[PDB]
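The chain below stands alone and is given in structure tokens; this is the form deposited in one PDB entry.
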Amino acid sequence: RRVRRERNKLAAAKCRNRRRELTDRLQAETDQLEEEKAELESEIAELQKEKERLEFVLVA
């Protein structure tokens, strides 16, 4: 009786901890992806500007 309860408690703690670990890692990679989003946006804007200027120079 007691041993069954104990074993089950340890199984629950195992899955719980593995789940918290995956949660944390997923938060980390999600943050990194957000950073990549911002950076990509900035770079796109900057290259589009540089292209505009480049074309003003090519036209004139």
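Only residues modelled in both forms are compared. Numbers follow the displayed sequence, beginning with 1. Under this definition, the rigid core comprises the largest set of C-alpha atoms superposing within 1.5 Å between the forms.
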{"property": "13-21 set against 35-43, stretch whose average Cα temperature factor tops the other in the entry", "result": "35-43"}
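Although it is not shown, the form deposited in another entry is what the next lines describe.
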{"property": "Residue among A11, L22, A38, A45 whose Cα moves 2 Å or more between the shown form and the other one, once the rigid core is superposed", "result": "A11"}
{"property": "Once both forms are overlaid on the core, stretches between the shown form and the other one of 3 or more residues with C-alpha shifts of 2 Å or more", "result": "6-19"}
